[PDB]
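Here the Cβ positions follow ideal geometry from the backbone for every residue, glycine too, while neighbour counts run over all protein chains shown. Computed from the coordinates by the stated procedures, all read-outs in this text should not be read as laboratory data.
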Amino acid sequence: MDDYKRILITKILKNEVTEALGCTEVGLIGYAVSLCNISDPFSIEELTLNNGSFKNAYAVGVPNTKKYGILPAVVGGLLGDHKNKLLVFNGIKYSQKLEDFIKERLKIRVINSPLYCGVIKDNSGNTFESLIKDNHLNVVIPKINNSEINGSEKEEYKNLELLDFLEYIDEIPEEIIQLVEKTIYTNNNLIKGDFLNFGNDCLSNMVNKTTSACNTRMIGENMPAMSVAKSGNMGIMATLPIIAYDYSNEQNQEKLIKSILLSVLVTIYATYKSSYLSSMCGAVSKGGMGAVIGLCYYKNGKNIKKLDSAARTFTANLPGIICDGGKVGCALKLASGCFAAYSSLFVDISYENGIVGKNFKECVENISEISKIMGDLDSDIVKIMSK
Amino acid sequence: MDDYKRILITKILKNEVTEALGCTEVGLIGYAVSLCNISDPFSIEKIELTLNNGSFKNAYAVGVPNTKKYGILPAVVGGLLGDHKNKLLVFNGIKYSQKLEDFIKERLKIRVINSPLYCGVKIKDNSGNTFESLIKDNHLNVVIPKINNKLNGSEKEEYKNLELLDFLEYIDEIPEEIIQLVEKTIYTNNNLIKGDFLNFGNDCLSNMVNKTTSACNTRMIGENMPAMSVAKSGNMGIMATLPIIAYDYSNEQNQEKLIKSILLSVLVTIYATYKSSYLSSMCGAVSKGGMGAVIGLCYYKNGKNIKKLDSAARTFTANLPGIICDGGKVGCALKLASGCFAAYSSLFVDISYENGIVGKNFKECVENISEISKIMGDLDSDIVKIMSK
Ligand code: SF4
Ligand code: SF4
């Protein structure tokens, strides 16, 4: 209908929906290490990360290494090129000898701060330092210019309503339809085998597929994930429950496309609302709100009261949860999210009950404010993991 | 097993496992209001209820018995229509009058404070008379007027130094009094099941979530039915017992096995509560009762297996940590439902200790969970600040 709304939503969809090869933090570490440009990787005789980064990278698989941790990311950066940027681990040939070489020399130190990735000395004596700072991945020392969006457009998207999202998925551009199809493609390709299949009912398949794709993204497979806001697990949480619900129901193409589009709209909105960093698991919360709105739209159509009830039951169900770092166990958390979505399709919770919001907007507002309240917990998380 | 261990375990089980009629916060509010002993409630000009963060949180959206209503204002009306001599049972035998609710709604000015349990009522009437009442610290102690009511640590600390092996050996030589306690617990909690709350199938976990949420919803809406509570947290007891009851209902139908598993669940729940010595806005009921329930479920499925119980604890710790305690509500049941999930998912998945906050065994898992609860702190003030809108 409206013009400014369609163009803003289309632009933000083209912006937020990207492809991230696995965990972004190991990718950033490898990119910084390749920016150090060590000529002979075996000639090395210095990594500084913030609490959240060290947490997320302590037990996550690095692409094309079949290993977990920060040392594989550093070795892959050594064996990578700066021109690949966040895809620094592409085309590499992992050498166990270089891993064993760097293990004795890689001295890592953690700091309490926002995003900070600062790196090495060689046999000759030369020292090469590099730094990547701020929430937006901005290189400060290699100065290699290279996603952002100005605040006015984000603010205009925050001023949208659920009705606007319902109207947008009825007048979808062809580029956005193909984007949704490519998203479903990338995230469905992440399903490899069984990870948590405990039945043949709908929620069984939902949990199975979601946990399998999350585990695939975690174990360091060389398969990209269609991420929203550079959080791949958030995109998995937003898309896969809806995919598996559609698989166990009508097997509808356009219906699933529209439901996932509304899910992504809700996810982008929630991420915009949760403007502050948080140690609360933002991926689970936001992706699950998106997924439950999409599932309610698939079940009841364009029904405002049903979507409000789903958001209320979700807010009452699984609010507040720790983001203890990218891990194989993260899949389990997403599994819980699936539950929180399905349970919200059959339960009504009054607005008075606790932190529950009065509608979709107020639910998202309350969840975002509580995420702001839970605050900086990454310091204590890193202190715990070190033991 | 050792003798001192068995005697301590029996004492602590008979101590923590009590019967709570629930809805204790609205009951406290109604009792404080009834201590004013208002003969004619309709002569009031302004009421001033003062609650602490925790009390206002837990009583904001809980059902009041014999009122069929939710909130603090129904509790205030029920206290006005009650007698102080009824103590916490001010709401028994009452006939709720919508007219008195509509009258008091215009005059009830509630104010929140940052303190331990505090319920102070200050009522004025048309004549000019003022009636004050106050309840401080524990529940049972009214200060205005001065009807005092007083509420060892060595036993708690000795219980903290036990191992899961002690709990496994105790459920093999159980005294008869403790067996009767477990059976009465199962009876009380199965009687709390009233209808369906989240039944979307006839499979095992469907029954688990359904029955658990049904009994929690029954305890929440203000029914005058007692609940077998552990550490006076009824939802904790439901979370610890009912998942095991429902898994046994959908599997082997074994009596002594279910008794032993629920006893181990209660042991693990009490242990987790003892370890989390500091207050937290994190949902302690879900966490502790679910740790008990998942240990009991692992004991029912795989028996006396240390690695199996370790894996269950690891997957549980990785699964659903840090849920909010946003006040006693109908939605609380949903959280408990999630707990069921968090337990069942741990019976078929192993999570390495390297994955995040997970500990190397059960003991370390509980220790990390307790430390994170201690770190999260109060936060209830901001919770009520959010709820007030
Ligand atoms: S818990 Fe959620 S936010 Fe934290 S690492 Fe896992 S997927 Fe990401
Ligand atoms: S939300 Fe959890 S901690 Fe809070 S009252 Fe309900 S069961 Fe207890």
Rounded, prolate or oblate: which fits region B:109-170, taking a ≥ b ≥ c as square roots of the Cα gyration tensor eigenvalues, rounded meaning a/c under 1.5, else prolate when a/b beats b/c?
prolate
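With a sphere of radius 14 Å drawn around the Cβ of B:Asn138, what net charge do the other residues whose Cβ falls strictly inside it have (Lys, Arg +1; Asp, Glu -1)? Each step should come with its number before you reach the end.
Numbers: positive: B:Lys87, B:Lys136, B:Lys150, B:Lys232; negative: B:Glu25, B:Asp137.
Result for the neighbourhood of B:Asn138: +2.
Per the helix-only calculation at 222 nm, which mean residue ellipticity applies to the protein assembly as shown, given -39500 (n - 2.57) for every DSSP H run of n ≥ 4 and division by its residues, nearest 500 deg cm²/dmol? List each step's numbers first, then the result.
Values: 32 runs with 412 residues, N = 776.
Here the helix-only value at 222 nm equals -17000 deg cm²/dmol.
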Using 20 Å bins from zero, what percent of all Cα-Cα pairs in chain B falls into each bin?
28, 53, 18, 1
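Which value, in debye to the nearest 20, describes the size of the charge dipole of the protein assembly as shown about its Cα centre when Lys and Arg Cβ atoms bear +1, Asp and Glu Cβ atoms bear -1, and nothing else is charged? List each step's numbers first, then the result.
Working: 85 positive and 85 negative charges, 150 e Å.
The calculation lands at about 720 debye.
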Cβ neighbours within 10 Å, averaged per peptide: list B:349-360, B:67-78, A:245-256 in order, most packed at the top.
B:67-78, B:349-360, A:245-256
When the convex hull of its Cα atoms is projected in every direction, mean area for the protein assembly as shown (nm²)
35.4
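Between A:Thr10 and A:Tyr276, what FRET efficiency follows from the Cβ-Cβ distance if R0 is 25 Å, with the result rounded to 0.05?
Step by step, r from the Cβ atoms, then E = 0.40.
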Report, as an integer, the average count of C-beta atoms from other chains found within 10 Å of each Cβ along A:365-377.
3
Checked against the positive end of the charge dipole of region B:24-144 (+1 on Cβ of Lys and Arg, -1 on Cβ of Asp and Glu, about the Cα centre), the farthest of B:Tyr96, B:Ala59, B:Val76 is B:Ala59
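Charges only on Cβ, +1 for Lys and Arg, -1 for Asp and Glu: so what's the dipole of region A:149-385 about the Cα centre, in debye to the nearest 20? Intermediate values should be presented prior to the final figure.
Numbers: 22 positive and 27 negative charges, 106 e Å.
Roughly 500 debye, rounded to the nearest 20.
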Starting from the Cα of B:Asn152, step 7 Å along the direction of its Cβ; do the same at B:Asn224; then give the gap between the two resulting points in nm.
4.1
Cα-based shape type of region B:231-358, given that a ≥ b ≥ c are square roots of the gyration tensor eigenvalues and the cut on a/c is 1.5:
oblate
Under 1.5 on a/c is rounded, so check that first for region A:326-387, then, if it is not, pick prolate when a/b is larger than b/c and oblate when it is not; a ≥ b ≥ c are the square roots of the alpha carbon gyration tensor eigenvalues.
oblate
What order do you get for B:142-150, B:334-342, A:91-99 when each peptide is scored by the mean count of other beta carbon atoms within 10 Å, highest first?
B:334-342, A:91-99, B:142-150
With no solvent term and unit scatterers on the alpha-carbon positions of region B:66-195, Debye gives log₁₀ I(q)/I(0) at q = 0.20, 0.21 Å⁻¹ of -1.25, -1.32
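Could you sort the peptides B:271-283, A:164-176 by per-residue average Cβ neighbour count (10 Å cutoff), highest mean leading?
Working: B:271-283: 21.4, A:164-176: 16.7.
In decreasing order of mean packing, B:271-283, A:164-176 become B:271-283, A:164-176.
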Karplus ³J(HN,Hα) for region B:95-108 (6.51 cos²θ - 1.76 cosθ + 1.60, θ = phi - 60°; Hz, whole; x = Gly/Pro) runs 10, 5, 10, 4, 5, 5, 4, 5, 6, 6, 4, 6, 10, 7
Output the lone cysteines of chain A: those with no second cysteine's C-beta under 4.7 Å from their C-beta.
A:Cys23, A:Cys36, A:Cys117, A:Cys202, A:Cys214, A:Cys296, A:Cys330, A:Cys338, A:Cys363
Could you calculate the FRET efficiency of A:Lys121 with A:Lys66 from 1/(1 + (r/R0)^6), where r is the beta carbon distance between them and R0 is 30 Å, rounded to 0.05?
0.55
Each residue of region A:295-300 in turn: what ³J(HN,Hα) in whole Hz from Karplus with 6.51, -1.76, 1.60 and θ = phi - 60°, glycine and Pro shown as x?
5, 5, 5, 6, 7, 10
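Provide a whole-number value for the mean count of partner chain Cβ atoms within 10 Å of the Cβ atoms in peptide B:278-285. Could you put the intermediate results ahead of the total?
Working: counts 0, 0, 0, 4, 4, 2, 0, 0.
That average works out to 1.
Please compute, for peptide B:350-361, the average count of beta-carbon atoms on other protein chains lying within 10 Å of each residue's beta-carbon.
Working: counts 1, 5, 5, 1, 9, 15, 17, 10, 6, 2, 1, 0.
The shielding value for this peptide is 6.
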Please turn the phi angles of region B:37-46 into ³J(HN,Hα) values with the Karplus equation 6.51 cos²θ - 1.76 cosθ + 1.60 (θ = phi - 60°), one per residue in order, whole Hz, x for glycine and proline.
6, 6, 5, 10, x, 7, 9, 6, 9, 7
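Using R₀ = 51 Å, calculate the FRET efficiency as 1/(1 + (r/R₀)^6) where r is the Cβ-Cβ separation of A:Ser386 and A:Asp2; round to 0.05.
Values: r = 53 Å, r/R0 = 1.03.
Here the calculated transfer efficiency is 0.45.
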Most positive-pole-ward Cα, B:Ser338, A:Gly199, B:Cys119, against dipole of the protein assembly as shown from beta carbon charges
B:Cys119
Under 5 Å between amide hydrogens, which residues at least 5 positions from A:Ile111 or on another chain qualify, with H placed 1.01 Å from N in the peptide plane?
A:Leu49, A:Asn50, A:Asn51
